[PDB]
Structure formats: C-alpha cells, structure tokens
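Report on the structure given below.
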Amino acid sequence: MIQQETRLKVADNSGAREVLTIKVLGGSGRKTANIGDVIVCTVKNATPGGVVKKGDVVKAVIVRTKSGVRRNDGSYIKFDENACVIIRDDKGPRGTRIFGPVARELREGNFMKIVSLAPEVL
Amino acid sequence: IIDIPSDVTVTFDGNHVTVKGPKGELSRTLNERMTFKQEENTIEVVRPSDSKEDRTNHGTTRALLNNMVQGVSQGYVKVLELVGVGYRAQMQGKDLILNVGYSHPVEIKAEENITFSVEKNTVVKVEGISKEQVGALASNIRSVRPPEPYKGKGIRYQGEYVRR
Amino acid sequence: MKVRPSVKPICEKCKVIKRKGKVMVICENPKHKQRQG
Amino acid sequence: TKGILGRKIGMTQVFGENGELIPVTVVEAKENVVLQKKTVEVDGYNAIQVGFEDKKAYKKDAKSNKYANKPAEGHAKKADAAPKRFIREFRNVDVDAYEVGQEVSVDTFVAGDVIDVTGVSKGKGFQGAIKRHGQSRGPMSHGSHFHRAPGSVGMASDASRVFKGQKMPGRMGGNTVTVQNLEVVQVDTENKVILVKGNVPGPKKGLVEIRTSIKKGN
RNA sequence: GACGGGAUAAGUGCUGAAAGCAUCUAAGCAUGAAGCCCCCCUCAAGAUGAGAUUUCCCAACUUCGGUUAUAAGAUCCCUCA
RNA sequence: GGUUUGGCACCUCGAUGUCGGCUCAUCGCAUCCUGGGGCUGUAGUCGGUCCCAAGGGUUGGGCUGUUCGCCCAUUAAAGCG
RNA sequence: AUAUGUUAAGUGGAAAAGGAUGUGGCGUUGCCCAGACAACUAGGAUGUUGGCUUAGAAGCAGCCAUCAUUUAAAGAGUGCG
Ligand SMILES: [Mg+2]
Ligand SMILES: [Zn+2]
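Protein chains in written order, with the entry's author numbering: chain N, 1 to 122; chain H, 8 to 171; chain 8, 1 to 37; chain E, 2 to 219.
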C-alpha cells in the first residue's frame, strides 16, 4: 500500500512523469494510503516544458492503485499500476487532461473536476 | 433579641426548633451547646461563656432565628433580570424555560415553598421563605451565563454592574 | 489570580481574609485578586 | 433482556437488501432447556440455570460424558427434563419469566437486535513473545543474534526484582472472551438456527454463549 | 474506548457571624475536571475468614474408640482431537 | 533538586566492562497535547501568564559514531528527567 | 498518674528571606456616656478653574496666590471617577 518513498506515475498535463511520496497526510503518523488519500509528493524527473520542474514539492491525490479497494457491495477491483494527480487544495487540479482511468470512490471526498475529465469513472 | 409577630408560633425542643407562619412553616436545627428561652412575644438568646466560638454561635443564631421568623411572615424574593438579544425566559409548566443563544433550551425545577414568578419574557423572580434556598437557586441560574464583561449580556441580579 | 508567596495589599480597598487557612484578598477589582500559597 | 447458548458451527456470506455483502456467523440453539431457577432468596442472586445438549440416561457400568452420572440425572429428572451436557447460568434476566423447566427457543431473539457473546478462544501452545503479545522482532543481518526473543526484562542491579506484569512465553489460548455490539440478521426456527453479524471467538463445534447487550448506550 | 452515577482538588457560590458592616467558612448547604471510585472485559474461595446452592452414595464386624473390601464417583488401560 | 562541569578519595585492583543505537519498558511531575479553571493592555478566531491534574498519547526521514544540534515534511502535541 | 496552662497545625513526627485580622501572654498608651468606634439614612459647599493653566481637564495637566461665609458643617474641594 502506498507509503513513504514510493514512486508513482502521473496522469495530467504537468511536464512531469513521476514523483516521490514524502508523507501521506492523515492522523498522527499514518504509514499507508489508498484511493482518495491526499499525499505530499515531489518530483524526481520531468518531460520538458510544463509548469512544474525538478526539485519541486506539491500535494497529490492518489488514484489507480494496484491493490484496489473493496466496495461495500462486496465487489473488488484491481489495476496494474500506481498513480497520482497534482492538486492545489481547491481539490481541483492544475492539469487540463486525465489519461489513465480513475477509481470512482473519490466522489465521497467531493472531487468532481477530475471526475469531469477521467475516462472513466470505474 | 428577636420579634414574634402575628400568627408566628414558636416551639423549641433543645437543638431542633419549629416555627410557623402564614406563608408556610420551617424546621431548622441549631448547635445544642447553645441555650434558649421564649419570653411572651419575644426571644432571649444565651451563650454559655465568652469563649471564642460561643460568640460566633451567639450572633449567628440570632441571625438564623431572624431568618426563619422573617421568612414565614414575609418570605424573601430575588430579582434575576435578563439583558441581551435573543434572551428570553418564561415559566412554562412547574419548570422554567430559557433561551440564550445556546443551541438548546434549559430546564429548572423547584422545591416546596418555591415559586418561579415572572413578570414577562425577559425578567423573572423567585419568592420563597428560606433566604438560603432562593439564593442558592439564584446562583444555580446566574451560574449559567454570568454577566459578560463588555456589554453585560447575561443573567444578573439588578444592582450588579458591568466590569470590562 | 496572582499567586505569590509575598502578599501585601496593592491598594487601599484591598481587604484581607483567610479562607481555608490560606490567605487571599478582595478589592472588587479582579486584577488585585491574590492568593498567598 | 434475554440470552441463550449455542455452537459456532461456521461462518458464511449473506447479502443485505441494498446489495451490501454482509458477513455472518452461524449458531445453533438446539435443545436449549431451563433446569433450575436460583433465587436471591436462598443464594443471594437471581439467575437462570440452563442446558443445551441432550445426553443419555444413567450408567450401568458405563463411562464418560456421553452418558450421565446419577447426580446430573438427579437434577434433570427434577423439572421434567432430559440430562444436559453444557450447563451455564445467565444473570441479568427477567427472572419473573422463565418458569423452571421449559425451553428458551430462538424466538426470544429478533432481527435487528444487538448482542454480545461469550466463548472460549482457540488452541495455542507455548507461543513466543511476539506472537503472544505482538512485540516487535529484532534485526536480522547486520550481524545480530537477537531475532525473536523477548528483550531485556528489567532495570539494573538496583530494582533487582522482576515485576509481575512482564511479557513472556506462555500459553496464548484458553480464555473466556466477550465481543460487545454484534447484530442479528435472521432467525430460522426450522433448523433452529440463528445468524449473527460479525465473527465470534470459537472453534467449530465449540461452545458459544449469548445475551442481550448491556452497553446499549445506557 | 462509551453513556451514566457517588465522593472530590483548583475555582465559583448561598446563608452567616467572630468583627452590628463586609466576609465562600469557623457552625451549615450546594456546585464543579479525561483525574479518584462505581459501572465495562478477564482471572479469582490455598480469601487457611478455605464460602453458598442443587443433586447423589448410605454396611458388617461387640476392640465402643476403630477395621474392612465395597457404594456413588474417578482413574489404570486404549482410540483420537 | 542532586539530571551537568566540578571538589572529596568512603566500597570495589585475587577484575563493579565504559559511549551511542535495537527490543523491553517502569516511574516522578517542575505538563508538551487533550479535561477543567482564574487574570488579561481577552471585541471575536488565535492568544500571553498563573493554577489543579500524570489517566492515556507524545511520529517518520536527511545529516554525522553521536548524545546534542541544524534541516525537510507532517501532526492535536511532536515534554523535561 | 497528679496540679497548671499552650497548641488546632498531624506542628510534634526535616528547611530560609519574607508575608499575614491565627491565637495566648507581659506593658505603653490614644479615643470613649457633657452619649466613642462602626454601618444606615440626613447634607454637602457659596463664588469659583479661583490665579497661572493644561486638549476642553470646571476635587484633577499641575505650578499651587488657594480667601473668607451659606453656614450644624465642608476645603478656591474630604473623595469616587
Ligand atoms: Mg541517500
Ligand atoms: Zn485593590
């Protein structure tokens, strides 16, 4: 489960391609994370252009986890990868697109701008 | 000494005493080391000595017989006004209701010889026989919102004033 | 309150009494409320 | 207020009506009977004495608990009842009900009700520290030799004794247990089976014991 | 993990004198914290103060005191978790 | 107060093994957070100071052998012994 | 045990500067019935912030020139601001 020093892909129009998970906001020393859990990340590489750069540090919201979530109907889900999306506590992204489909349980946390964009709510 | 006005009977039995009146009747106790007589319509205090403590019980017990004897005929009253916005108060049922900007109202219940009197929505009073009861109860009200310091928005006795 | 082992009336109205063995004062000015111990 | 006995048999799946999967325990209240009624008048507490499994009549030359020694039989003939293997009490019950010598059928319970339970835990032998208490193991490599053992007991040449509350390898298992605030799902009187949300401390065919919760919120 | 109650410290009071006033206090009455205790889970009569309840077994030998193989019951033995 | 740097040379030289870290904890309260309060140059949110209280909790990493310390990012708080 | 007082704190049954209407003792002495203290009600100065003033500040910025009489009686204000 996503935790400290975990490298992820991304999904948006950033100029960035992967990140690092410093801290996993919540409680009093959480170790873990899953879908929906905001995190504090940084940047370990970059494609050229784009707003963000190396050495930067920003938050993110996890999605496309590889050990997926259990729905209360008793159904599960699993992706292949791990990923995240950049964010500014509008709970609305910086980016303009979202590749790489999304997990819907974000909706409980009242995220809808990225759900406007994601193929598909799943 | 102490007076015994009209229709106020006096009956003493050592330490305990019972006194009667129009507005009701009381039954208080005293320190048995004290000593007592009843003159015809008036009362005679005793102390056994000029010891330290005995002086206390002497003047004190004057004060308490006075309290009973005045309460039974006259009874005592207290004026606990409300001052502010949204402050409202009303005897409803045997109990009182209040509304002070709290998220909830409040309940208060009485005793025998108690009377949660009211003049209107924002002023009250209780009138009773035991000075003790009415005041203790009065602080059990006034403790619920003491007078705030700047504006005075809160429960208060009347003469009590503002202190920033 | 101002708890101080040194107690002395800070102004004229400050009146002294003993409450529970301890010492205190009253003035009607709260900012002069002192206790000894 | 109420309570019965039973037997853990197994756990299954079962669905809510919103489609929510809901796990479940199975329990069997088969052959519950009341035997004796212990008043406060004589004993000093008001309660209910109970029995669950039918066993058999008196010995002739016979042997263990499948059959019955006379005194048990002397207790079960009392209230027109067959002798029973597991006997247990239940305090905190409306003793005004429950005449001596009847059944405590599942119909006392109802769907939606909340309960606790009681039962023995599972077999577990001399278990080490970190499996009994959950202490944290020690390093592997970097040359160590302290992998699993319980660490330094205590303080020093002063405070010479070792305090009682320490944590060491002993048995892990047999313990009375209670699990507050479970809910009931269903009551099938046909097989005399009941179903309880969540999961209970028991092994299969072990003993299980039930009563109405106490911390309702009061 | 609670809810809830009993007694409480700091503090707030009521009545009130010593000291005619004022005074939370010495006589008296209340009030008040995740704290103390009670309630919640567990163990627990070798608590030598060794508890209480239901049920069961119930001879012959005159040493008189005591002895006996047996009664109810449990075990030795064996199959097994 | 007897946690530091020290003074003393009373036990120990036919042996009292010392720094720091790991696992384990246990305690004090001169309280770091929660709970309750008094005062305020407290309008409110945030606060400063003082009092009662030790029931529970008191984080991950970078850097050095490291106590210490600086820093990053968290957190209700990231306690002193 | 006897006679006599003291202590109200478990002091006794560890501790200072300093603080206090705790009590007891030995004395000095003021005010007290030609009616004291103490509280309540009864009045409060007349001109006049009066001079010089100070943001206006008219007991009061304070530098003081600070007089008499309406008068029980009151100061160019005892005082609260
Ligand atoms: Mg590195
Ligand atoms: Zn003062």
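The beta carbon of each residue, even a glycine, is placed where N, CA and C say it ideally should be.
- In the three-state reduction of the DSSP assignment, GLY129 (chain E) falls in the coil class.
- For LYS59 (chain H), the enclosing alpha helix (DSSP H) starts and ends at 59-80.
- For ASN182 (chain E), the distance from the CB to the nearest heavy atom of ligand 2 is not below 8 Å.
- For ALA60 (chain N) and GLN36 (chain 8), the gap between their C-alpha atoms comes out near 57 Å.
- Taking 8 Å as the cut-off, the C-beta of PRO153 (chain H) does not count as close to any heavy atom of ligand 2.
- Annotation for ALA83 (chain N): no alpha helix (DSSP H) segment contains it, though the beta strand (DSSP E) segment containing it runs 83-86.
- Legend: CB atoms of the stretch 187-206 of chain E lying less than 8 Å from CB atoms of chain N are not found in any residue.
- Put simply, the residues with a CB less than 6 Å from any heavy atom of ligand 2 are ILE10 (chain 8), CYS11 (chain 8), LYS13 (chain 8), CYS14 (chain 8), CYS27 (chain 8), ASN29 (chain 8) and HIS32 (chain 8), in chain order.
- Put simply, the CB of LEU36 (chain E) is far from chain N, with every gap to its CB atoms at 9 Å or more.
- Going by beta carbons, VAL85 (chain N) and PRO93 (chain N) fall inside the 9 Å limit.
- By the Cβ criterion, the stretch 119-139 of chain H is in contact with the stretch 73-80 of chain H, since at least three pairs of Cβ atoms, one from each stretch, lie closer than 8 Å.
- For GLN103 (chain E), the secondary structure class from DSSP, reduced to helix, strand or coil, is coil.
- Only those residues of the stretch 17-33 of chain E whose C-beta falls short of 7 Å from the nearest C-beta of chain N are listed: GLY20, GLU21 and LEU22.
- For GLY29 (chain N), the closest Cβ of chain E is not nearer than 9 Å.
- The C-alpha of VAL58 (chain N) lies about 12 Å from the C-alpha of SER14 (chain N).
- The beta carbon of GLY74 (chain N) falls within 9 Å of a beta carbon belonging to chain E, placing the residue at that interface.
- The three-state secondary structure of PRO72 (chain E), taken from DSSP, is helix.
- Contact check for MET173 (chain E) against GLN136 (chain E) fails: the beta carbons are separated by 9 Å or more.
- The Cβ-Cβ distance between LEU72 (chain H) and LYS132 (chain H) does not fall below 9 Å.
- Of the candidates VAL41 (chain E), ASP108 (chain E) and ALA77 (chain E), the residue whose Cα lies closest to the Cα of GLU191 (chain E) is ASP108 (chain E).
- Assignment of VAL94 (chain E) by DSSP, reduced to helix, strand and coil, places it in the coil class.
- Put simply, of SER145 (chain E), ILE23 (chain E), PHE164 (chain E) and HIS146 (chain E) the residue whose alpha carbon is nearest the alpha carbon of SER75 (chain N) is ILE23 (chain E).
- The C-beta of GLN14 (chain E) comes closer than 9 Å to at least one C-beta of chain N.
- Restricted to the stretch 3-87 of chain E, the beta strand (DSSP E) segments that are unbroken, complete and at least 3 residues in length are 12-16, 22-29, 34-39 and 48-52, listed in chain order.
- In this structure, DSSP gives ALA96 (chain H) an extended state, which the three-state scheme calls strand.
- Judged by DSSP in its simplified three-state form, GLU46 (chain H) adopts coil rather than helix or strand.
- Under DSSP, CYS41 (chain N) shares a beta bridge with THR21 (chain N) and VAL58 (chain N).
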